[PDB]
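# Structural features, examined
Residues per chain are reported as follows:
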Amino acid sequence: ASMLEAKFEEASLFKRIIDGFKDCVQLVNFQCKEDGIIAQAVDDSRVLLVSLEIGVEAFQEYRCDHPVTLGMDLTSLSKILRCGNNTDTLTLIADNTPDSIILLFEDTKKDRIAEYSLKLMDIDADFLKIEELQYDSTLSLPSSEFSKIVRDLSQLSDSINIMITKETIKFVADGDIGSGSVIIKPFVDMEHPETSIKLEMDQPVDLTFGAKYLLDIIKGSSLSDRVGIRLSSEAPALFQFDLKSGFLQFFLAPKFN
Amino acid sequence: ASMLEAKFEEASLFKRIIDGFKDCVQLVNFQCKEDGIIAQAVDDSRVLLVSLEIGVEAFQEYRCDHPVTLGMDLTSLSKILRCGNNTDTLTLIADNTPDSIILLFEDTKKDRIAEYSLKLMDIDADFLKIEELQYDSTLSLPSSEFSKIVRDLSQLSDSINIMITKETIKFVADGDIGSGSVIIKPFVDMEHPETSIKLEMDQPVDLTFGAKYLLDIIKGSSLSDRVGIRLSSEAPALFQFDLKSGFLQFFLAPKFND
Amino acid sequence: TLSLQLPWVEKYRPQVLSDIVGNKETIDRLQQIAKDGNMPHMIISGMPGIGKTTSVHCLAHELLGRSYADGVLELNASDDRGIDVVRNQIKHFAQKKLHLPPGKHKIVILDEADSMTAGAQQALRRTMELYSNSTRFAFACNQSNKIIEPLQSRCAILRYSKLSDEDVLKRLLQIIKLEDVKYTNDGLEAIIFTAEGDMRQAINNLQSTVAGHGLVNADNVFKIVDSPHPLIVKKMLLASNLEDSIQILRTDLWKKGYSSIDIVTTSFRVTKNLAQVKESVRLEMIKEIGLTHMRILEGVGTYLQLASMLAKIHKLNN
Amino acid sequence: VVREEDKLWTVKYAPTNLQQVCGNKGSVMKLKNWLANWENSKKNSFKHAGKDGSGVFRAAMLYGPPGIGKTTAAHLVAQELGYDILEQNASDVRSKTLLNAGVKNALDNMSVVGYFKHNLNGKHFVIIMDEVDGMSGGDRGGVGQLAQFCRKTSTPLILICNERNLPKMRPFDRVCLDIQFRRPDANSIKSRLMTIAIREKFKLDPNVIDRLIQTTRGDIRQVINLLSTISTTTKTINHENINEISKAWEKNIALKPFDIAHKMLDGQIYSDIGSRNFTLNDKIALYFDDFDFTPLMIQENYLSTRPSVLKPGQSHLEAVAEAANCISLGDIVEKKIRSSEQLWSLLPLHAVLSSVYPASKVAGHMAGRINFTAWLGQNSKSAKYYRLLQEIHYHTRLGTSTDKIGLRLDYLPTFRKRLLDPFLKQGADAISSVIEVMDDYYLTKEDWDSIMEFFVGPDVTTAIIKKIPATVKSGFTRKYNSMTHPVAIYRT
Amino acid sequence: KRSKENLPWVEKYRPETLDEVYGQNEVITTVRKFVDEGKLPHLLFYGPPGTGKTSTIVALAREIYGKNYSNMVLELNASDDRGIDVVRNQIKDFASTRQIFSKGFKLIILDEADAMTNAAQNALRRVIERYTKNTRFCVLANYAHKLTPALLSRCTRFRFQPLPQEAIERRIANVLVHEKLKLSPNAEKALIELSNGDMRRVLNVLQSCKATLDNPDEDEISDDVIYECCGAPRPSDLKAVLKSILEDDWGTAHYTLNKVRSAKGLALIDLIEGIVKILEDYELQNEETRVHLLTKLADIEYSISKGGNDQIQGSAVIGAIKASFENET
DNA sequence: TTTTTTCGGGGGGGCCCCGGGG
DNA sequence: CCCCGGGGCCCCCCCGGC
Ligand SMILES: Nc1ncnc2c1ncn2[C@@H]1O[C@H](COP(=O)(O)OP(=O)(O)OP(O)(O)=S)[C@@H](O)[C@H]1O
Ligand SMILES: Nc1ncnc2c1ncn2[C@@H]1O[C@H](COP(=O)(O)OP(=O)(O)OP(O)(O)=S)[C@@H](O)[C@H]1O
Ligand SMILES: Nc1ncnc2c1ncn2[C@@H]1O[C@H](COP(=O)(O)OP(=O)(O)OP(O)(O)=S)[C@@H](O)[C@H]1O
Ligand SMILES: [Mg+2]
Ligand SMILES: [Mg+2]
Ligand SMILES: [Mg+2]
């Protein structure tokens, strides 16, 4: 327990973060640097990419000397995490050339300590450098409204087309039960600023995505409170959900023209 | 209806007793005396032994002229016992040289009477005294905590190792995805005495048990609030749940280590 | 007495590749692989009691060592090996990260692989190709035709051959020296003859003879162990006079407790492998034996039917 | 990090460029031409044809024997022309439910990895469905779903399999381009084997490659594994040791129905010299290669050979008669085997009675081609006609006193004269009489057709019915439909 | 289940200890020595019906253990499902787990293993081999062709021969002493002859004979009682039938056969079997005679097994015998 | 150069619904 | 009071010798 010693202030945070993107990807690469933890994972469909950053601020006590890449299977990680207690201290331990990681569930009210070990998987997947992209349109709206709209449109069509233009956001779902369109516009309310809808558009754009991927993306909306949608000409939409220290970003690729 | 007439406080009691070990053994043999009912059942694998010792004080009335042995099938007994309500009184009736046991359900408030007779099975049982070995270690812990520990460690692997040492209890489980360990120490409390871990140790011990049998030995946690585990080296391990009147004991044979 | 002692077949199981007798080329090659590394995917085929599982285990042990616990996944017929097992547990083991010495890899030992469904074998194809840099696969089978050709193309074939008399004699003498057994050369010859090249059977027969009567001689060896009944059937079917064949069937098979079904099946097999007799005569004898077998399978099994079968065979061979 | 010395020779000395693949050059070029012009076909909506007729098929179906370079060729073509590969293998669940929730949602989606990696097709998808034949599912395996994808895919879908001629893959009959990869010849593989020999420091004479290749049935992977294993202790591969190596590593593939029939009906394996090389055990095992089709093939192909194993004075007719007698005995044994008793222990005997013995009497040289069993289709036809006869019989049970056999043999000849002859002789005016007769026996129009389909010999009605004037038949049908008719069985 | 006096003689006289098993001296001595020194291997008792395999293994288990062997052994038979799931789970847990009651090794008795499927036998291989340190397997069989070669190679084979005459006489004497019965020497000889090495047949026939006697206290079981209760032919009857068939005309032979059969309702199959046994001793000068006799009599036996016309069958027997012996000139 | 019958066992996919948690 | 995990049947698909 020398190289990597990290301690969550609350164990529930790690469980929620993992559950946020548990159904999106199968295997993950947690690269623990000296500055925090960064993870990149591509689903089996090879169409949705997931980035995750956790900073030192969220961590009560973090000590990592050398950078270590840990390949993990999210199913086993979820199994071990479920074996812990929500009102508990979770500690991640990694040692020299870790073939496995140690998850330590430790509490102060009682003296019960549970030390689980998870075997790491040799993940052969190069880190896809996520070059900064200046998306044409930026839409930020409360997670509740995004979830409501997408869930309502889920029963309509398997593919949803999103068009962004002047103070206007259209979500159209044309499936086997008909065609349904939802139109939203920006608004600023001092009573509920957190629910305010903000749109920043330079050139209107239109892109069609898959309903299932959007549903799986929103499934993790409980972690954050708003959405950070960014849309460009031919680039995946950046569904960014910001957490305490760091973020969780989805890069849902678009449908063919 | 001469030898045995035993009416329970409520049918729910006998139901709960039966559900505690109906998924472990198939054929049971009760031996009803003037002191109560005692049953011993051995699993098909010959790895788990269930012993029930219901007491006389668990019945509104209990009459038994002579010691009478009844061999029965747990599936059929449970199926018949599921044919009653939770607000009725269940009485067991047995006659001379029993060929069947009669289960009578009565509801005075609704004036409801239901009859059910189950044919007994000729089992030449040799009920074996549970010789209380000088167990190397004994402990008592809340049943919910034991259930949580076993259910967590079952997923990791199919075996659970219990190590008893100087004020320390180690539940370890090594599997395929990874390994897990839970360490608990004797904790005494006075604000809520119901929950506490007590340990009386003479020699240190270490025993491995199958997860499948432990997962069924914990279904009796609904029958009590605390569980007592007695462990001895290369000897059967005792898991006891104390009922309102009697007790339910599971004897589990430790696995071979070669 | 309630404390048994380990049988010699287990107490004297070879723990090194140099202690395995027979198949000198294959054993030497496995030793060279163990000393060098780069173990290839292999399928070891042969008859029972020759040392396939022993060789596989010895190779894995000598190759890994302290990493044997975490670098070996042994699955056999006693363990579930369905499609789900292949697609989850084996895949996880192959993907699992383990730091091994420079020239060592993880090992998956699928013992008795001939009892695996075609679907599981098909699902076992790509896992061996996309994870060959970390894990290697060793199969041990009796029938090599039960493994699908795509998998056979992915592994090196090691067809172990029947053990000879010299190898069995060498191993038996070594065990005798290590146990100080009083023996006669005739006893060892009888043990080898009755073992039919199966080392397990030879060792078991020797242990039984020593533990029952002591001195290992022809008389004591044959008192417990009976001569192979296939040879008796061959002798009965190759007799000149019907009287001699009937006498062999009577005093050597019927009164020894051998069932009629066993006798007819053994006769069918022996006639199938009776190279001395011409193919046509063998086919007619097989027809008669099949008629007798069909008669017996319907409940009419008696010495009279076997005598009639022998008479018909003699008429065919006249 | 992986030291090359610890890598398998198959992956170490593996093809790296599409040209490095030996043999089957035409197949590789055909695949490259098909996949390169995929976008052009998309622009044409896959309606126009091409020079090689590859512009209409939307998917590729690479196939061939094992260990020839199918998956390697597919991956090399996908990587060379420029595409992103989404490969699915037998280790992944390819059921219908997973397919709908899996690859289906990616057939018409962009490549996130393709864009974030950096060619117009570099960001496009190439779905390779390897080991199609290995999918164990008849109703829940989603093979028809794979065919649907091939029909409705927005990206090049390449399917790879080892054996095309199987019923399971009948859905892919004509919805895909059938590219054939064959066993590579020794000429091309000699260069690779010599290169590996020079690299790995062991001797391999030029005369040994052809024999080694024949040992493995042209499986380059198997030959490389052979070389790697033999080089462990013996560094010399010369003519002095070819026999032992080839005998120890001889490949044993199960012959297929046609090959089994051809081998079994040969007079060289039954000779006093050939019987030693090919023993009775070999023939009995050959029977078990396909124990459901071998007896039928033997029974179908035992009358089309010139024998060479006839005894002095025996003629062909006597030999075929003896073979037929033993075939009948084997049929009786087969009836015994597949019964309530489940007597499978008799299977070896059946092999001798139905396949080996009858062939041994008419063995020789084929006087034609090995024809497939005709009994299966005849049995299907018999079942169809029997069901039709049963329906007709139970439609007329209320006006007749007989069984179905009696109806076929006795009543139908007279019913024809009362139902069809009036049309031939009278014409349209007879429509009323035929309608009446069909009404007296609760006979439907479909029943009329089925009855007319039963007659054989000089009573065949196909040409006679086809010759009837169209007006009479049209009036008959219209009058029947315009009239109300009774019902025999009132299915409630 | 009142007492042992209300049980069939086959079960009332089941050997309790290993000293009550007769006719298997070699196997009994070997297994007793193995139990003494503690060198019990994996055993395979192969033998015909009613030779003392199940009794021998039960006695061995009771000798190793006490009277609580029932809970300390895993005995599985054809009446219980023994599929691959059973082998994988129940047998594996029993072999890999310690004894609840005692602190000794464990015994698994797979009686009637010939009825097990090939998959279960294949799965049993490594289960047997791995837990050999604390577990031993015993397999009881009547037919060996149903056992996989691997299982046969993994077990030490002991063959239970058909019970010789001497052991049968000793056990008959024991039963007579216990039941207070008298058996004539010729009755004993007939009983052993009809036994065919099976003690169950002997016990059942002896019980039937005791039933036949008016007062079993003083009356003696003569051969007449044996033939009456078994309804079997009398040796004099078989000899007379053969003599009439071989030395008289067709009418005389037919009349003699019909009279002998109608005297006590003798079955044709029993007469054919007895005549075959008698002719076995005959020294024929021509092989063709014996060949024809055997083939035709086997055909007649097969025809009788399916019923048919009995008079035609008897006439066929007579004609076949006459035609076969016509070649002895 | 193509394509069938029956019990029993085993495997593998599909729901269904009780129980338990929130 | 409502949702999710995971035991239990139900249905179908394929083998069967040495
Ligand atoms: N070549 C051998 N040299 C020495 N002992 C052998 C040899 N072969 C078999 N034995 C002995 O017999 C015992 C069993 O050998 P096994 O390895 O189990 O044979 P096997 O070929 O694997 O059996 P099968 O084919 O799975 S039925 C070993 O523990 C050895 O004691
Ligand atoms: N034409 C070839 N030239 C050189 N090597 C080949 C060739 N074909 C196969 N190999 C070698 O065998 C190895 C595996 O070939 P694959 O393409 O994977 O087999 P395949 O043709 O797809 O047949 P299956 O369905 O996998 S059995 C390659 O990595 C090569 O090393
Ligand atoms: N050696 C024997 N000595 C005395 N009685 C015997 C002997 N063998 C068989 N019997 C008698 O026949 C009865 C049956 O004996 P068993 O050994 O149990 O039969 P079994 O050999 O198991 O039959 P199979 O082989 O399964 S058909 C015993 O109860 C005895 O009464
Ligand atoms: Mg083995
Ligand atoms: Mg391939
Ligand atoms: Mg028995």
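Residues numbered from 1 in each chain as written, not as in the entry; some residues may be left out. Chains lettered and ligands numbered in written order. Part of a larger assembly, values for the part shown. Heavy atoms only, no water. Residues with missing side-chain atoms left out of burial classes, pairs and counts.

- In its metadata, the entry names cryo-EM as the structure determination method and reports 2.92 Å as the resolution.

### Examining the overall build of chain A
- Counting secondary structure elements, chain A contains four helices and 18 strands.
- Over its C-alpha trace chain A gives a radius of gyration of 20 Å, about what one expects of a compact globule, namely 18 Å for 257 residues.
- The principal-axis extents of the C-alpha atoms in chain A amount to approximately 55 × 45 × 35 Å.
- Out of the 257 residues in chain A, the part that is buried amounts to 53%.
- Of the contacts formed within chain A by residues at least 6 apart in sequence, a portion of 63% connects residues at least 24 apart.
- When the 26 positive and 43 negative side-chain charges of chain A are each reduced to one mean point, those points stand 5 Å apart. (Helix = DSSP H or I, 4+ residues; strand = E, 2+ residues; numbered from the N terminus. Rg over C-alpha atoms; globule rule 2.2 N^0.38 Å. Buried < 20%, exposed > 50% of the residue type's maximum accessible area, 1.4 Å probe, protein only. Contact = heavy atoms within 4.5 Å. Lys, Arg positive; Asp, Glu negative; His and termini not counted. Charge placed at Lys NZ, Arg CZ, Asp CG, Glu CD.)

### With respect to the interface of chain B and chain A
- Contacts between chain B and chain A engage 18 residues on the former and 17 residues on the latter.
- Of the roughly 1,500 Å² buried at the junction of chain B and chain A (both faces included), carbon and sulfur atoms supply 46%.
- Scanning the region where chain B abuts chain A turns up two salt bridges.
- Ionic pairing is found between B:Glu145 and A:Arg112, a salt bridge with its closest N-O pair at 3.2 Å.
- The interface formed by chain B and chain A holds nine residue pairs in polar contact in total.
- Taken together, the elements giving at least two residues each to the side of chain B that touches chain A come down to α3 (143–156) and β14 (178–184) of chain B.
- Looking at which element gives the most residues to the side of chain B that touches chain A, the answer is β14(B), with seven residues.
- Residues belonging to the side of chain B that touches chain A are distributed by class as follows: seven nonpolar, six polar and five charged. (Buried area = accessible area lost by both parts, 1.4 Å probe. Salt bridge = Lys/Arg side-chain N within 4 Å of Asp/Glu carboxyl O. Polar contact = N/O pair within 3.5 Å; in protein donor to acceptor, adjacent residues only side chain to side chain. Nonpolar A, V, L, I, M, F, W, Y, C, P; charged D, E, K, R; others polar.)

### Re the protein's contact with DNA strand G
- Every residue close to DNA strand G is listed here: B:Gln155, C:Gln143, C:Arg269, D:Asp139, D:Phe288, D:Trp344 and D:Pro348.
- Counting only atoms of DNA strand G within 4 Å of the protein, the sugar-phosphate share comes to 37%.
- At 3.2 Å from a base nitrogen of DNA strand G is found a side-chain nitrogen or oxygen belonging to D:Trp344.
- Here the surface near DNA strand G is composed, by residue class, of three nonpolar, two polar and two charged. (Near = heavy atom within 4 Å.)

### Some points on the sheet that holds strand β5 (residues 156–159) of chain C
All names here are of chain C.
- The sheet built from five strands is open, its strands ordered β2-β3-β4-β1-β5 with parallel pairing. Sheet topology places β2 (72–75) and β5 at the edges, where each strand pairs with a single neighbour. Between one strand axis and the next, the sheet turns by 15° as a mean value, whatever way the strands run. (Pairing = 2+ DSSP bridges. Axes fitted to C-alpha atoms, helices over the stretch in contact; angles between N-to-C directions.)

### Remarks on the UniProt feature "DNA-binding region" in chain A
- As recorded in UniProt, the feature "DNA-binding region" lies at residues 63–82 of chain A.
- Structurally, residues 63–82 of chain A comprises 45% helix and 40% strand, and the distance from its first C-alpha atom to its last is 25 Å. (UniProt positions renumbered as here; feature names shortened; annotations may be inferred.)

### A short note on the protein's contact with DNA strand F
- Around DNA strand F sit 23 residues in total, of which C:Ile83, D:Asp292, D:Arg338, D:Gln342 and E:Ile84 are the nearest.
- By atom count, sugar and phosphate contribute 48% of the portion of DNA strand F lying within 4 Å of the protein.
- With respect to DNA strand F, the side chain of C:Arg87 contributes an N or O atom lying 3.4 Å from a phosphate oxygen.
- Between D:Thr97 and DNA strand F, the recorded distance is 3.3 Å, taken from a side-chain N or O atom to a phosphate oxygen.
- Broken down by secondary-structure element, the contributors of at least two residues to the surface near DNA strand F are α5 (83–95) of chain C, α18 (375–395) of chain D together with α5 (84–96) of chain E.
- Taken together, the residues of the surface near DNA strand F break down into 10 nonpolar, six polar and seven charged.

### Examining the pairing of strand β6 (residues 68–73) of chain B
Residue and element names in this part refer to chain B.
- For β6, a buried count of five out of six residues is recorded, marking the element as mostly surrounded by other parts of the structure.
- Pairing of strand β2 (residues 27–32) with β6 involves six bridges; the strand directions are antiparallel. Considered in β6, the bridge of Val 28 is made with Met 72.

### What about the packing of helix α17 (residues 303–317) of chain C against helix α15 (residues 287–305) of chain E?
- Where α17(C) contacts α15(E), the axes come no closer than 9 Å and their chain directions differ by 135°. Viewed along their axes, α17(C) and α15(E) adopt a mutual orientation that is oblique. Relative to α15(E), α17(C) is oriented so that their crossing is left-handed. From α17(C), C:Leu304, C:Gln305, C:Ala307, C:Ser308, C:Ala311, C:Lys312, C:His314 and C:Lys315 reach across to α15(E), where they touch E:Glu287, E:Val291, E:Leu294, E:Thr295, E:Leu297, E:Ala298, E:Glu301 and E:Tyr302.
- Of the residues assigned to the contact of α17(C) with α15(E), the class counts are eight nonpolar, four polar and four charged. (Parallel < 35°, antiparallel > 145°, perpendicular 65-115°, else oblique. Left-handed = near helix turned anticlockwise from the far one by under 90°.)

### Some remarks on the sheet that holds strand β9 (residues 113–119) of chain A
- Strand order across the open sheet formed by nine strands is β5(A)-β1(A)-β7(A)-β8(A)-β9(A)-β14(B)-β13(B)-β12(B)-β16(B), with antiparallel pairing between neighbours. Sheet topology places β5 (59–64) of chain A together with β16 (205–210) of chain B at the edges, where each strand pairs with a single neighbour. Ignoring which end each strand starts from, the neighbouring axes of this sheet average 15° apart.
- Pairing between strand β1 (residues 4–8) of chain A and strand β7 (residues 89–94) of chain A: four bridges, direction antiparallel. The residue of β7(A) that forms the bridge with A:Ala6 is A:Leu92.
- Strand contacts of helix α1 (residues 11–20) of chain A: β1, β7 and β8 (100–106) of chain A, with the helix running at about 70° to β7(A), the strand carrying the most contacts.

### A few points about the interface of chain E and chain C
- Each side of the interface is counted separately: chain E has 56 residues, and chain C has 58 residues.
- Along the contact surface separating chain E from chain C lie 11 salt bridges.
- Between C:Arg200 and E:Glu129 there is a salt bridge; the shortest N-O distance is 3.5 Å.
- At the junction of chain E with chain C, the criterion picks out 29 residue pairs in polar contact.
- Listing elements by their share of the side of chain E that touches chain C, those giving two or more residues are α2 (25–37), α5, α6 (118–130), α7 (149–153), β5 (156–159), α14 (268–281) and α15 of chain E.
- It is α15(E) that contributes the most residues to the side of chain E that touches chain C, 11 residues altogether.
- Counted by class, the side of chain E that touches chain C contains 22 nonpolar, 13 polar and 21 charged residues.

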